[PDB]
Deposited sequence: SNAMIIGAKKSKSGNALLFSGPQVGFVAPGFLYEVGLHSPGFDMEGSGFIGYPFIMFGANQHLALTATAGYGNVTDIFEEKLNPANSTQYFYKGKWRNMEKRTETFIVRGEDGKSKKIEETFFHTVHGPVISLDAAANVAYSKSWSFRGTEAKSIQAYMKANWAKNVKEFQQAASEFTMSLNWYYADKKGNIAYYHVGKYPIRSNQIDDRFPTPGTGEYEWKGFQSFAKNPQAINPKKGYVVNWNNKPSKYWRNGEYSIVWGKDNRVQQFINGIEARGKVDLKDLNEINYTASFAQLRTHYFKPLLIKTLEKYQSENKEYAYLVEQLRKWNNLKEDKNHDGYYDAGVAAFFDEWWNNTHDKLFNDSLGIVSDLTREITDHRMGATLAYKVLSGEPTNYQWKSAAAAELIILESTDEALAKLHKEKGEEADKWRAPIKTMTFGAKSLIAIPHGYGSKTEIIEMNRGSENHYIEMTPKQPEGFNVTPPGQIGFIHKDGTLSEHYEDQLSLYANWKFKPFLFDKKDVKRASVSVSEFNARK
């Protein structure tokens, strides 16, 4: 998920701006639900996740809000020491303790079968895994265990808030790990990394499970005042694409998302390349991020630098350099011909895949079932970047000479395959676009409807977008919430006219007006 908030001094109009882009996948019926809520002193328009009694992406009379997933460290795994004589007992604070046991019955559609399973809890939480060979059970502690309803209440209070103080109070009560973003009609912006973050033992390495014997327990939760947060930061804006809140904020086992190479660079690049901005500028930045080949930011310069050293003797390398330099780093289809516009992007994709394999297969190949998702992560490839650029690493993966040989061998192999299958001219390399549908199964991993078969180009983009300007009169702007508002399909097969009537807007970078004033709502 991505977000941007723009303060008064960075906005062309002098009004604070907000952009939302939650990434919750693409399903029909959609993951979001758009609504307008109007009662005395409470007027709010926007969307929330399906089933939520509150808006997460939108604006009330006073403020606009959005959120992105925080990735903060709110889950710890405890390594319980089991009694060798009784595997339902674990050692805790000097004594064997009994696990709480629970029998659960599942009715399964075939007639129907009934199957029983037993689940266990310890003082730390549910037991998730056994290492019986080691006399260990692993239990899971969530910092927000039992406080999910307080998080709902905090979000409702954010809806009812009228100013920074009230919004911040709501933020301080939210217990799960999100980033919250705020913009108001007075020109203020604010950012909060919300959640209840535990005070951990300083004797353990928080990238690994914690021994469960009692010496290493959490000692409460830190004050909200210690959560990363800023009101009206000096830079005049905040952007986020699930990246790190601030320099010294840590997240334990999940640091793999917060490295030097990070996808938020697309938003930073776009905001820093401009002076004052408006909503149209924000949309251009979203477009770039949505179609960017993310490895280009750090890896295309490295590739060009290497090829340029050998272009005198290799004419193919000189051609590649020219094509790479003129490429705008996107995989886009502006002429809607079904092929990505830059043929060299197909070369670059295959170059990267070859380079990543050659960097790590000979060392991490044997653990790649666990490490490929780290070293080729969707948010960035920091370790690969450090190895190829010669920056300091703890292990000496490759010398600079060995890294350059990898870059060259990967180039040769990718070019040889394109020459064999397509030809020598880059226009012949242009790859067919990848498409996506709004299907029947969301991230919750169970079916919730029948989906849609309408194909649109894949985009690295929010499942909805709002663009909001907090004008003196009221929030104004535009948004899209695909596939459509209404999920109902009649018994006879007749589709609601609002089942997928926002797909064309989404696919074509068009939007519908943000409605707030009742006179506008009535004519909309």
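- Residues of the deposited sequence missing from the coordinate set occupy positions 111-113, 528-538.
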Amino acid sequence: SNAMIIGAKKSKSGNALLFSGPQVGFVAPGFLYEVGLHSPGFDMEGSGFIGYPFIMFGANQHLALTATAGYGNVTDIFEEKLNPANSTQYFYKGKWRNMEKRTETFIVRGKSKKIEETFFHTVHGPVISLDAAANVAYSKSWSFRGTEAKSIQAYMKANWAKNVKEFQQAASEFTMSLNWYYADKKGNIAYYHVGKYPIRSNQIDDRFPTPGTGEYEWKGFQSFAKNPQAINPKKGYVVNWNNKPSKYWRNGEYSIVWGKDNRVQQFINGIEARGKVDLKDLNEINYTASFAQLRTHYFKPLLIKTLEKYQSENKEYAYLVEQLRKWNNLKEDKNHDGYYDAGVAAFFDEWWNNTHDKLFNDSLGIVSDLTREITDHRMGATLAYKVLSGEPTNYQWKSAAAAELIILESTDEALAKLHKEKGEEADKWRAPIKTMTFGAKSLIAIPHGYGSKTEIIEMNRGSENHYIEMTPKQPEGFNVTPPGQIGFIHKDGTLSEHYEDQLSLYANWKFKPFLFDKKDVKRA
From here on, numbers count along this sequence of modelled residues.
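- Stretches 42-50 and 488-496 differ in mean CA B factor, with 488-496 having the higher one.
- For the pair 330-338 and 180-188, the mean B factor over Cα atoms is greater in 330-338.
- Between the residues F348, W160, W241, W429, the entry's highest C-alpha temperature factor is the one at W429.
- When the C-alpha B-factors of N251, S172, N83, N286 are ranked from the entry, the top spot goes to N83.
- When all modelled residues of the chain are sorted by CA temperature factor, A8 is found within the middle third.
- Ranked within its chain, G259 lands in the lowest third, by CA B factor from the PDB record.
- Among all modelled residues in this chain, the alpha-carbon of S201 has a temperature factor (C-alpha) in the highest third.
- In the deposited entry, the Cα temperature factor of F91 places it in the highest third of its chain's modelled residues.
- In the PDB entry, a CA B factor belonging to the highest third of its chain's modelled residues is recorded for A133.
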